[PDB]
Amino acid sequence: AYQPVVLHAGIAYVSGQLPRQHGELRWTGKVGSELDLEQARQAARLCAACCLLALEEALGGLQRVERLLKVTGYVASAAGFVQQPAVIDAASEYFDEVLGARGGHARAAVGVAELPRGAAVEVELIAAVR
(Lines of atoms letter the chains of each structure in order from A and count residues from 1; the text may use other names and numbers.)
(Lines give C-alpha, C1' and ligand atoms only; values in the text may rest on other atoms or scores of the structure.)
Protein backbone atom coordinates (compact mmCIF):
# COMPACT_ATOMS: atom_id res chain seq x y z
CA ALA A 1 0.00 0.00 0.00
CA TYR A 2 1.46 3.28 -1.25
CA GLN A 3 0.78 6.81 0.02
CA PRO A 4 -0.84 9.59 -2.07
CA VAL A 5 1.83 12.11 -1.02
CA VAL A 6 5.20 11.88 0.73
CA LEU A 7 6.73 14.98 2.34
CA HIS A 8 10.49 14.96 2.94
CA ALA A 9 13.17 17.66 3.29
CA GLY A 10 11.07 20.40 1.71
CA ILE A 11 9.86 18.28 -1.24
CA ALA A 12 6.42 16.76 -1.85
CA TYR A 13 6.25 13.63 -4.03
CA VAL A 14 2.69 13.24 -5.33
CA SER A 15 1.60 9.82 -6.59
CA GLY A 16 0.08 9.30 -10.00
CA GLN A 17 -3.57 10.38 -10.12
CA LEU A 18 -6.25 9.04 -12.47
CA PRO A 19 -9.13 11.14 -13.88
CA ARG A 20 -11.62 10.81 -11.01
CA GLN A 21 -14.41 13.17 -10.05
CA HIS A 22 -16.25 12.41 -6.81
CA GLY A 23 -14.43 9.10 -6.52
CA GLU A 24 -15.65 7.89 -9.91
CA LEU A 25 -13.29 7.09 -12.76
CA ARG A 26 -14.66 9.38 -15.45
CA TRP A 27 -12.47 9.07 -18.53
CA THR A 28 -11.47 5.62 -19.75
CA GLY A 29 -10.27 4.50 -23.15
CA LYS A 30 -7.47 5.25 -25.57
CA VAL A 31 -6.85 8.81 -26.71
CA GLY A 32 -6.96 8.95 -30.49
CA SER A 33 -9.53 6.20 -30.93
CA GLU A 34 -12.10 6.21 -28.14
CA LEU A 35 -11.33 9.70 -26.84
CA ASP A 36 -10.53 12.79 -28.86
CA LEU A 37 -8.27 15.64 -27.78
CA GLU A 38 -10.98 17.60 -25.96
CA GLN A 39 -12.13 14.68 -23.81
CA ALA A 40 -8.53 13.75 -23.02
CA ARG A 41 -7.96 17.35 -21.89
CA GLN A 42 -10.94 17.07 -19.54
CA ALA A 43 -9.33 13.92 -18.14
CA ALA A 44 -5.98 15.67 -17.67
CA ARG A 45 -7.66 18.59 -15.89
CA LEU A 46 -9.30 16.14 -13.51
CA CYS A 47 -5.96 14.41 -12.86
CA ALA A 48 -4.33 17.75 -12.08
CA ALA A 49 -7.14 18.60 -9.68
CA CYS A 50 -6.67 15.25 -7.92
CA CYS A 51 -2.93 15.98 -7.60
CA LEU A 52 -3.52 19.38 -6.05
CA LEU A 53 -6.27 18.00 -3.77
CA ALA A 54 -3.90 15.30 -2.51
CA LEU A 55 -1.18 17.93 -1.97
CA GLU A 56 -3.56 20.29 -0.15
CA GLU A 57 -4.83 17.49 2.10
CA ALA A 58 -1.26 16.43 2.89
CA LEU A 59 -0.14 19.97 3.74
CA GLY A 60 -3.24 21.42 5.39
CA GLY A 61 -3.57 24.06 2.68
CA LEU A 62 -1.86 25.12 -0.54
CA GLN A 63 -0.30 28.15 1.15
CA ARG A 64 2.62 25.87 2.11
CA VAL A 65 3.43 25.15 -1.55
CA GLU A 66 6.50 27.19 -2.45
CA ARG A 67 6.30 26.13 -6.11
CA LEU A 68 5.66 23.19 -8.35
CA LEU A 69 8.83 21.60 -9.72
CA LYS A 70 8.10 18.82 -12.18
CA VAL A 71 4.96 17.30 -13.73
CA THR A 72 4.83 13.98 -15.57
CA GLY A 73 1.82 13.24 -17.75
CA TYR A 74 1.08 9.79 -19.17
CA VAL A 75 -1.52 9.52 -21.94
CA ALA A 76 -2.96 6.14 -22.97
CA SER A 77 -2.44 6.56 -26.70
CA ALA A 78 -3.99 4.86 -29.72
CA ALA A 79 -1.97 4.19 -32.85
CA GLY A 80 -0.95 7.48 -34.43
CA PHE A 81 -2.01 9.81 -31.62
CA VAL A 82 0.81 12.33 -31.14
CA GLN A 83 -0.81 15.32 -29.37
CA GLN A 84 0.19 14.39 -25.82
CA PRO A 85 1.52 17.93 -25.13
CA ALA A 86 -1.88 19.44 -25.94
CA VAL A 87 -3.52 16.91 -23.59
CA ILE A 88 -1.19 17.59 -20.66
CA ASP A 89 -1.44 21.36 -21.35
CA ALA A 90 -4.87 21.15 -19.68
CA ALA A 91 -3.19 19.98 -16.47
CA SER A 92 -0.45 22.63 -16.75
CA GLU A 93 -3.02 25.41 -17.21
CA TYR A 94 -5.10 24.11 -14.28
CA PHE A 95 -2.00 24.35 -12.10
CA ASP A 96 -1.71 27.95 -13.28
CA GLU A 97 -5.39 28.62 -12.48
CA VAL A 98 -4.98 27.46 -8.89
CA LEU A 99 -1.39 28.40 -8.02
CA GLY A 100 -0.59 31.41 -10.23
CA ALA A 101 3.15 31.97 -10.55
CA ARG A 102 3.82 29.13 -8.09
CA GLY A 103 2.33 26.71 -10.59
CA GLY A 104 5.21 26.83 -13.08
CA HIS A 105 6.89 23.51 -13.72
CA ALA A 106 9.13 21.39 -15.87
CA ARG A 107 7.23 18.70 -17.69
CA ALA A 108 7.27 15.44 -19.59
CA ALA A 109 4.36 14.07 -21.61
CA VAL A 110 4.47 10.59 -23.15
CA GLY A 111 2.05 8.22 -24.81
CA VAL A 112 1.80 4.94 -22.93
CA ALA A 113 0.12 1.72 -23.98
CA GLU A 114 -2.26 1.26 -21.03
CA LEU A 115 -3.17 2.87 -17.73
CA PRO A 116 -4.70 1.58 -14.47
CA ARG A 117 -8.40 0.70 -14.83
CA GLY A 118 -8.32 1.83 -18.47
CA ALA A 119 -7.83 5.48 -17.47
CA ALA A 120 -7.09 7.87 -20.33
CA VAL A 121 -4.51 10.02 -18.47
CA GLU A 122 -2.35 9.76 -15.35
CA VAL A 123 -0.49 12.73 -13.81
CA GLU A 124 2.17 12.76 -11.11
CA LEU A 125 4.13 15.67 -9.71
CA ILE A 126 6.92 16.94 -7.49
CA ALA A 127 6.55 20.21 -5.55
CA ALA A 128 8.61 22.37 -3.23
CA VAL A 129 6.99 23.01 0.12
CA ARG A 130 7.70 25.58 2.78
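Don't overthink the numbering: it's just position in the shown sequence, from 1.
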Would 118 to 126 or 7 to 15 have the larger average of its C-alpha temperature factors, as given in the entry?
7 to 15
Given 53 to 61 and 73 to 81, the range whose Cα B-factors average higher in the PDB entry
53 to 61
Please pick out which of 46, 37, 68, 98 has the largest Cα B-factor as recorded in the entry.
37
Ranked by Cα temperature factor within the chain, is residue 25 in the lowest third, the middle third or the highest third?
highest
Check where residue 33 lands among this chain's C-alpha B-factors and tell me if it's the lowest, middle or highest third.
highest
